[PDB]
Amino acid sequence: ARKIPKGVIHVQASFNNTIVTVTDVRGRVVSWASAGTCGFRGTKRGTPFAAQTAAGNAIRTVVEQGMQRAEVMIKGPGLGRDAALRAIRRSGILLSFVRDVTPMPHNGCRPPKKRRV
RNA sequence: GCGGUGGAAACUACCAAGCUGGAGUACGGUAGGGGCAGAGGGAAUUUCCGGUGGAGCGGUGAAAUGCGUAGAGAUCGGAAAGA
Ligand SMILES: [Mg+2]
Ligand SMILES: [Mg+2]
Ligand SMILES: [Mg+2]
Ligand SMILES: [Mg+2]
Ligand SMILES: [Mg+2]
Ligand SMILES: [Mg+2]
Ligand SMILES: [Mg+2]
Ligand SMILES: [Mg+2]
Ligand SMILES: [Mg+2]
Ligand SMILES: [Mg+2]
Ligand SMILES: [Mg+2]
Ligand SMILES: [Mg+2]
């Protein structure tokens with residue numbers, strides 16, 4: 001739909017799922033792919049493999065718009081933080097910068113209590 | 001045991017003067033999340049207002065309630081607030 005030569009890839013990795021969004025430097029969203037939209041449900045939705053197919057599935061659409069260089073943003077403690085990165089590499093798209101944006105509060109809102117499990 | 005009387009003068013007690021090592025005062029330093037009061041600061045989060053986008057998000061041992069086509073989550077820009 002839009003052919004943008006350079007932009008950014010946001011990958012949020014949580015413990016139950018990982019979102020991979022494709023955007024451009026103007027701060028605008030083009031197309032996204034989630035581990036859940038790939039036909040995965042809750043348990044499997046956390047594994048690095050679903051993050052793999054998620055990243056691959058977004059980059060399908062990003063090469064279809066004909067884009068070349070990109071920055072990678074990784075947010076969150078989950079597993080896909082490593083796995084997704086591999087996909088970004090093997091999908092044959094030039095890797096500019098890979099940053100870790102995981103929000104670190106400098107103090108603040110008191111987190112939920114400890115699960116006694 | 002109590003009372004009277006004659007002696008002794010070390011220890012406690014009393015009376016008079018002394019002495020610093022105890023306790024303080026002045027002086028000069030120095031470390032400190034000590035206390036009270038008044039200024040300022042940033043992350044993060046939540047909600048609200050927009051632009052993109054367009055099906056799931058969220059969550060568990062595995063699920064479901066819940067939130068979502070009345071456009072969620074994601075992402076960029078703005079405000080506001082408290083801790
Ligand atoms: Mg889990
Ligand atoms: Mg006698
Ligand atoms: Mg005497
Ligand atoms: Mg005296
Ligand atoms: Mg105060
Ligand atoms: Mg600020
Ligand atoms: Mg649209
Ligand atoms: Mg419902
Ligand atoms: Mg409404
Ligand atoms: Mg619209
Ligand atoms: Mg949102
Ligand atoms: Mg404020």
# chains A, B, ... in the order shown; residues from 1 in each chain; ligands from 1

$ closest_atom_pairs --of "chain A" --to "chain B" --cutoff "9 Å" --atoms "only C-alpha atoms (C1' of nucleotides)" --output "tab-separated table"
residue	atom	partner	partner_atom	distance
A:10	CA	B:75	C1'	8.1
A:12	CA	B:74	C1'	8.6
A:16	CA	B:59	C1'	7.9
A:19	CA	B:74	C1'	7.2
A:20	CA	B:74	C1'	8.2
A:21	CA	B:74	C1'	6.7
A:22	CA	B:75	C1'	8.8
A:23	CA	B:75	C1'	7.5
A:25	CA	B:76	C1'	9.0
A:26	CA	B:76	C1'	7.5
A:27	CA	B:76	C1'	4.3
A:28	CA	B:52	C1'	5.2
A:29	CA	B:52	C1'	4.9
A:30	CA	B:53	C1'	6.5
A:31	CA	B:53	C1'	6.6
A:32	CA	B:74	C1'	7.8
A:34	CA	B:56	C1'	8.9
A:36	CA	B:56	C1'	7.3
A:37	CA	B:56	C1'	6.9
A:42	CA	B:59	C1'	8.6
A:43	CA	B:62	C1'	8.4
A:103	CA	B:44	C1'	7.0
A:104	CA	B:44	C1'	6.7
A:105	CA	B:44	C1'	4.2
A:106	CA	B:43	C1'	5.1
A:107	CA	B:44	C1'	7.1
A:108	CA	B:44	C1'	6.4
A:109	CA	B:45	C1'	6.4
A:110	CA	B:83	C1'	9.0

$ select_by_dssp --residues "chain A" --states "strand (DSSP E or B)" --output "ChimeraX atom specification"
/A:6-13,18-24,28-34,69-75,94-100

$ write_last_selection --atoms "N, CA, C and O atoms" --output "short mmCIF file (atom, residue, chain, number, x, y, z; two decimals), in the first residue's frame"
data_model
loop_
_atom_site.label_atom_id
_atom_site.label_comp_id
_atom_site.auth_asym_id
_atom_site.auth_seq_id
_atom_site.Cartn_x
_atom_site.Cartn_y
_atom_site.Cartn_z
N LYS A 6 12.88 3.17 4.33
CA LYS A 6 13.43 2.94 5.67
C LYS A 6 12.45 3.29 6.79
O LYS A 6 11.73 4.29 6.72
N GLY A 7 12.45 2.47 7.84
CA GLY A 7 11.55 2.62 8.97
C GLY A 7 12.00 1.77 10.15
O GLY A 7 13.15 1.34 10.21
N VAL A 8 11.10 1.55 11.11
CA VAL A 8 11.46 0.85 12.34
C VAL A 8 10.59 -0.39 12.61
O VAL A 8 9.43 -0.45 12.20
N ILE A 9 11.16 -1.38 13.28
CA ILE A 9 10.42 -2.56 13.70
C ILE A 9 10.36 -2.67 15.22
O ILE A 9 11.38 -2.91 15.86
N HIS A 10 9.17 -2.50 15.79
CA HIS A 10 8.99 -2.65 17.23
C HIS A 10 8.63 -4.09 17.61
O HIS A 10 7.59 -4.59 17.20
N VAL A 11 9.47 -4.75 18.40
CA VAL A 11 9.09 -6.06 18.90
C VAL A 11 8.95 -6.05 20.42
O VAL A 11 9.94 -5.98 21.15
N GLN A 12 7.71 -6.16 20.88
CA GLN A 12 7.41 -6.25 22.29
C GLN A 12 7.35 -7.71 22.71
O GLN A 12 6.58 -8.48 22.15
N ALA A 13 8.19 -8.10 23.66
CA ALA A 13 8.17 -9.49 24.12
C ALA A 13 7.72 -9.60 25.58
O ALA A 13 8.45 -9.27 26.50
N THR A 18 4.22 -12.16 22.09
CA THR A 18 5.12 -11.14 21.56
C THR A 18 4.51 -10.45 20.34
O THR A 18 4.08 -11.11 19.39
N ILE A 19 4.46 -9.13 20.37
CA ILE A 19 3.91 -8.36 19.26
C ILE A 19 5.04 -7.85 18.37
O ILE A 19 6.06 -7.38 18.87
N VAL A 20 4.88 -7.96 17.06
CA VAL A 20 5.84 -7.36 16.14
C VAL A 20 5.14 -6.38 15.21
O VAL A 20 4.34 -6.77 14.36
N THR A 21 5.47 -5.10 15.37
CA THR A 21 4.84 -4.02 14.63
C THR A 21 5.86 -3.39 13.68
O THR A 21 7.05 -3.26 14.00
N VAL A 22 5.40 -3.03 12.49
CA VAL A 22 6.25 -2.40 11.49
C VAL A 22 5.78 -0.98 11.23
O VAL A 22 4.61 -0.74 10.94
N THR A 23 6.71 -0.04 11.35
CA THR A 23 6.36 1.37 11.28
C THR A 23 7.39 2.16 10.51
O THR A 23 8.38 1.61 10.03
N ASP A 24 7.17 3.47 10.40
CA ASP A 24 8.15 4.36 9.79
C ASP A 24 8.50 5.56 10.68
O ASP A 24 7.69 5.99 11.53
N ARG A 28 4.78 6.37 12.30
CA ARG A 28 3.49 5.93 11.78
C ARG A 28 3.42 4.42 11.51
O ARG A 28 4.35 3.84 10.96
N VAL A 29 2.31 3.80 11.88
CA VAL A 29 2.21 2.34 11.76
C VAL A 29 1.76 1.87 10.40
O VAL A 29 0.73 2.31 9.87
N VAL A 30 2.53 0.96 9.84
CA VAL A 30 2.20 0.37 8.57
C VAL A 30 1.41 -0.92 8.78
O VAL A 30 0.20 -0.96 8.55
N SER A 31 2.08 -1.97 9.23
CA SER A 31 1.44 -3.27 9.41
C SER A 31 2.07 -4.06 10.56
O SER A 31 3.27 -4.01 10.77
N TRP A 32 1.25 -4.81 11.30
CA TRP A 32 1.74 -5.55 12.45
C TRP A 32 1.42 -7.04 12.38
O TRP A 32 0.48 -7.45 11.71
N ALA A 33 2.21 -7.83 13.09
CA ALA A 33 1.97 -9.26 13.18
C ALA A 33 2.20 -9.74 14.61
O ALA A 33 3.26 -9.51 15.19
N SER A 34 1.20 -10.42 15.16
CA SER A 34 1.28 -10.93 16.52
C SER A 34 1.32 -12.44 16.53
O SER A 34 0.79 -13.09 15.63
N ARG A 69 16.18 -0.86 4.60
CA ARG A 69 16.87 -0.72 5.89
C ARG A 69 15.91 -0.47 7.04
O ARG A 69 14.88 0.18 6.87
N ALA A 70 16.25 -0.99 8.22
CA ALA A 70 15.35 -0.88 9.37
C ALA A 70 16.07 -0.87 10.71
O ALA A 70 17.18 -1.39 10.85
N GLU A 71 15.43 -0.26 11.71
CA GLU A 71 15.88 -0.36 13.09
C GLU A 71 14.98 -1.32 13.86
O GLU A 71 13.78 -1.37 13.64
N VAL A 72 15.58 -2.09 14.77
CA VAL A 72 14.82 -3.04 15.56
C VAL A 72 14.70 -2.58 17.01
O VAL A 72 15.69 -2.23 17.65
N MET A 73 13.47 -2.55 17.51
CA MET A 73 13.18 -2.18 18.89
C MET A 73 12.64 -3.38 19.66
O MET A 73 11.63 -3.96 19.28
N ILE A 74 13.32 -3.74 20.74
CA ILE A 74 12.87 -4.86 21.56
C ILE A 74 12.44 -4.39 22.94
O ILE A 74 13.23 -3.85 23.71
N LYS A 75 11.16 -4.59 23.24
CA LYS A 75 10.60 -4.22 24.52
C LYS A 75 10.12 -5.46 25.27
O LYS A 75 9.40 -6.29 24.72
N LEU A 94 18.31 -5.57 5.62
CA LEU A 94 19.49 -4.95 6.20
C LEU A 94 19.21 -4.38 7.59
O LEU A 94 18.28 -3.60 7.78
N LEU A 95 20.03 -4.79 8.55
CA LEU A 95 19.84 -4.41 9.95
C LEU A 95 20.67 -3.20 10.35
O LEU A 95 21.89 -3.26 10.42
N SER A 96 19.99 -2.09 10.64
CA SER A 96 20.67 -0.85 10.97
C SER A 96 21.09 -0.83 12.45
O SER A 96 22.27 -0.97 12.77
N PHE A 97 20.11 -0.67 13.34
CA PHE A 97 20.34 -0.68 14.78
C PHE A 97 19.37 -1.62 15.50
O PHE A 97 18.21 -1.74 15.12
N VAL A 98 19.85 -2.26 16.56
CA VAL A 98 19.00 -3.07 17.42
C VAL A 98 19.04 -2.51 18.84
O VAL A 98 20.07 -2.60 19.51
N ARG A 99 17.93 -1.95 19.30
CA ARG A 99 17.89 -1.32 20.61
C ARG A 99 16.97 -2.04 21.59
O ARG A 99 15.99 -2.67 21.19
N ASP A 100 17.30 -1.93 22.87
CA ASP A 100 16.45 -2.44 23.93
C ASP A 100 15.74 -1.30 24.63
O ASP A 100 16.35 -0.50 25.34
#

$ closest_residue --among "B:21, B:67, B:31, B:15" --to "ligand 4" --atoms "only C-alpha atoms (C1' of nucleotides) and all ligand atoms"
B:15

$ select_by_dssp --residues "chain A" --states "alpha helix (DSSP H)" --output "list in words"
residues 48, 49, 50, 51, 52, 53, 54, 55, 56, 57, 58, 59, 60, 61, 62, 63, 64, 80, 81, 82, 83, 84, 85, 86, 87, 88, 89 and 90 of chain A

$ residues_near_ligand --ligand "ligand 4" --cutoff "10 Å" --atoms "only C-alpha atoms (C1' of nucleotides) and all ligand atoms" --output "list in words"
residues 15, 16, 17 and 18 of chain B

$ closest_atom_pairs --of "chain B" --to "ligand 3" --cutoff "12 Å" --atoms "only C-alpha atoms (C1' of nucleotides) and all ligand atoms" --output "JSON lines"
{"residue": "B:9", "atom": "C1'", "partner": "ligand 3", "partner_atom_place_in_ligand_line": "1 (Mg)", "distance": 6.3}
{"residue": "B:10", "atom": "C1'", "partner": "ligand 3", "partner_atom_place_in_ligand_line": "1 (Mg)", "distance": 7.8}
{"residue": "B:11", "atom": "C1'", "partner": "ligand 3", "partner_atom_place_in_ligand_line": "1 (Mg)", "distance": 9.1}
{"residue": "B:12", "atom": "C1'", "partner": "ligand 3", "partner_atom_place_in_ligand_line": "1 (Mg)", "distance": 11.0}
{"residue": "B:13", "atom": "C1'", "partner": "ligand 3", "partner_atom_place_in_ligand_line": "1 (Mg)", "distance": 11.0}
{"residue": "B:14", "atom": "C1'", "partner": "ligand 3", "partner_atom_place_in_ligand_line": "1 (Mg)", "distance": 10.8}
{"residue": "B:15", "atom": "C1'", "partner": "ligand 3", "partner_atom_place_in_ligand_line": "1 (Mg)", "distance": 11.4}

$ write_last_selection --atoms "N, CA and C atoms (P, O5', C5', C4', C3', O3' and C1' of nucleotides)" --output "PDB file, in the first residue's frame"
ATOM      1  P     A B   9      43.600   7.891 118.620  1.00  0.00           P
ATOM      2  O5'   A B   9      42.905   7.756 117.193  1.00  0.00           O
ATOM      3  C5'   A B   9      43.112   6.609 116.370  1.00  0.00           C
ATOM      4  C4'   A B   9      42.126   6.569 115.232  1.00  0.00           C
ATOM      5  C3'   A B   9      42.107   7.825 114.352  1.00  0.00           C
ATOM      6  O3'   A B   9      41.799   7.466 113.001  1.00  0.00           O
ATOM      7  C1'   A B   9      39.976   7.504 115.322  1.00  0.00           C
ATOM      8  P     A B  10      42.543   8.158 111.746  1.00  0.00           P
ATOM      9  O5'   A B  10      42.202   7.169 110.533  1.00  0.00           O
ATOM     10  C5'   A B  10      43.201   6.335 109.953  1.00  0.00           C
ATOM     11  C4'   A B  10      42.673   4.978 109.522  1.00  0.00           C
ATOM     12  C3'   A B  10      41.343   4.940 108.777  1.00  0.00           C
ATOM     13  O3'   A B  10      41.459   5.286 107.402  1.00  0.00           O
ATOM     14  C1'   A B  10      41.371   3.250 110.427  1.00  0.00           C
ATOM     15  P     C B  11      40.378   6.246 106.688  1.00  0.00           P
ATOM     16  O5'   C B  11      39.103   5.315 106.463  1.00  0.00           O
ATOM     17  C5'   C B  11      39.116   4.249 105.520  1.00  0.00           C
ATOM     18  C4'   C B  11      37.865   3.412 105.633  1.00  0.00           C
ATOM     19  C3'   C B  11      36.562   4.190 105.541  1.00  0.00           C
ATOM     20  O3'   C B  11      36.155   4.455 104.210  1.00  0.00           O
ATOM     21  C1'   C B  11      36.496   2.812 107.445  1.00  0.00           C
ATOM     22  P     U B  12      35.693   5.940 103.812  1.00  0.00           P
ATOM     23  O5'   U B  12      34.173   6.015 104.291  1.00  0.00           O
ATOM     24  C5'   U B  12      33.146   5.394 103.532  1.00  0.00           C
ATOM     25  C4'   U B  12      31.853   5.254 104.308  1.00  0.00           C
ATOM     26  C3'   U B  12      31.140   6.541 104.689  1.00  0.00           C
ATOM     27  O3'   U B  12      30.406   7.101 103.612  1.00  0.00           O
ATOM     28  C1'   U B  12      31.170   5.075 106.543  1.00  0.00           C
ATOM     29  P     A B  13      30.541   8.665 103.267  1.00  0.00           P
ATOM     30  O5'   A B  13      29.872   9.380 104.519  1.00  0.00           O
ATOM     31  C5'   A B  13      28.513   9.117 104.827  1.00  0.00           C
ATOM     32  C4'   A B  13      28.126   9.621 106.195  1.00  0.00           C
ATOM     33  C3'   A B  13      28.504  11.056 106.522  1.00  0.00           C
ATOM     34  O3'   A B  13      27.656  12.012 105.917  1.00  0.00           O
ATOM     35  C1'   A B  13      29.063   9.680 108.340  1.00  0.00           C
ATOM     36  P     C B  14      28.290  13.186 105.022  1.00  0.00           P
ATOM     37  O5'   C B  14      28.583  14.347 106.077  1.00  0.00           O
ATOM     38  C5'   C B  14      27.541  14.873 106.893  1.00  0.00           C
ATOM     39  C4'   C B  14      28.054  15.388 108.222  1.00  0.00           C
ATOM     40  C3'   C B  14      28.907  16.647 108.182  1.00  0.00           C
ATOM     41  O3'   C B  14      28.134  17.830 108.059  1.00  0.00           O
ATOM     42  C1'   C B  14      29.915  15.047 109.612  1.00  0.00           C
ATOM     43  P     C B  15      28.510  18.930 106.948  1.00  0.00           P
ATOM     44  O5'   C B  15      29.747  19.713 107.585  1.00  0.00           O
ATOM     45  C5'   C B  15      29.612  20.444 108.798  1.00  0.00           C
ATOM     46  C4'   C B  15      30.948  20.918 109.318  1.00  0.00           C
ATOM     47  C3'   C B  15      31.861  21.600 108.310  1.00  0.00           C
ATOM     48  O3'   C B  15      31.508  22.951 108.056  1.00  0.00           O
ATOM     49  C1'   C B  15      33.110  20.047 109.582  1.00  0.00           C
TER      50        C B  15
END

$ closest_atom_pairs --of "chain B" --to "ligand 5" --cutoff "8 Å" --atoms "only C-alpha atoms (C1' of nucleotides) and all ligand atoms" --output "Markdown table"
| residue | atom | partner | partner_atom_place_in_ligand_line | distance |
| --- | --- | --- | --- | --- |
| B:36 | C1' | ligand 5 | 1 (Mg) | 7.5 |
| B:37 | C1' | ligand 5 | 1 (Mg) | 6.3 |
| B:38 | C1' | ligand 5 | 1 (Mg) | 7.8 |

$ write_last_selection --atoms "C-alpha atoms (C1' of nucleotides)" --output "PDB file, in the first residue's frame"
ATOM      1  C1'   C B  36      11.462  20.418  61.062  1.00  0.00           C
ATOM      2  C1'   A B  37      10.304  23.835  57.255  1.00  0.00           C
ATOM      3  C1'   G B  38      10.545  25.972  52.011  1.00  0.00           C
TER       4        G B  38
END

$ atom_distance --atom1 "atom CA of residue A:49" --atom2 "atom CA of residue A:91"
15.1 Å

$ closest_atom_pairs --of "chain B" --to "ligand 12" --cutoff "9 Å" --atoms "only C-alpha atoms (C1' of nucleotides) and all ligand atoms" --output "JSON lines"
{"residue": "B:80", "atom": "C1'", "partner": "ligand 12", "partner_atom_place_in_ligand_line": "1 (Mg)", "distance": 8.0}
{"residue": "B:81", "atom": "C1'", "partner": "ligand 12", "partner_atom_place_in_ligand_line": "1 (Mg)", "distance": 6.5}
{"residue": "B:82", "atom": "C1'", "partner": "ligand 12", "partner_atom_place_in_ligand_line": "1 (Mg)", "distance": 7.9}

$ residues_around --residues "residue A:92" --least-positions-apart "2" --cutoff "10 Å" --atoms "only C-alpha atoms (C1' of nucleotides)" --output "VMD selection string"
chain A and resid 59 63 68 87 to 90 94 to 95

$ write_last_selection --atoms "C-alpha atoms" --output "mmCIF file, in the first residue's frame"
data_model
loop_
_atom_site.group_PDB
_atom_site.id
_atom_site.type_symbol
_atom_site.label_atom_id
_atom_site.label_comp_id
_atom_site.auth_asym_id
_atom_site.auth_seq_id
_atom_site.Cartn_x
_atom_site.Cartn_y
_atom_site.Cartn_z
ATOM 1 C CA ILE A 59 8.597 -9.034 7.217
ATOM 2 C CA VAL A 63 9.372 -6.793 1.633
ATOM 3 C CA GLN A 68 15.301 -2.087 2.680
ATOM 4 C CA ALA A 87 13.982 -13.972 11.825
ATOM 5 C CA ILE A 88 14.820 -10.297 11.197
ATOM 6 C CA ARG A 89 18.243 -11.506 10.059
ATOM 7 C CA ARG A 90 17.234 -14.482 7.871
ATOM 8 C CA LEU A 94 19.490 -4.947 6.197
ATOM 9 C CA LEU A 95 19.838 -4.411 9.952
#

$ closest_residue --among "A:1, A:78, A:50, A:65" --to "ligand 7" --atoms "only C-alpha atoms and all ligand atoms"
A:1

$ atom_distance --atom1 "atom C1' of residue B:72" --atom2 "atom 1 (Mg, counted along the ligand's line) of ligand 8"
11.7 Å

$ residues_near_ligand --ligand "ligand 2" --cutoff "10 Å" --atoms "only C-alpha atoms (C1' of nucleotides) and all ligand atoms" --output "list in words"
residues 2, 3, 4 and 5 of chain B

$ atom_distance --atom1 "atom 1 (Mg, counted along the ligand's line) of ligand 1" --atom2 "atom CA of residue A:15"
6.4 Å

$ closest_atom_pairs --of "chain B" --to "ligand 8" --cutoff "9 Å" --atoms "only C-alpha atoms (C1' of nucleotides) and all ligand atoms" --output "JSON lines"
{"residue": "B:65", "atom": "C1'", "partner": "ligand 8", "partner_atom_place_in_ligand_line": "1 (Mg)", "distance": 9.0}
{"residue": "B:66", "atom": "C1'", "partner": "ligand 8", "partner_atom_place_in_ligand_line": "1 (Mg)", "distance": 7.0}
{"residue": "B:67", "atom": "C1'", "partner": "ligand 8", "partner_atom_place_in_ligand_line": "1 (Mg)", "distance": 7.3}
{"residue": "B:68", "atom": "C1'", "partner": "ligand 8", "partner_atom_place_in_ligand_line": "1 (Mg)", "distance": 8.0}
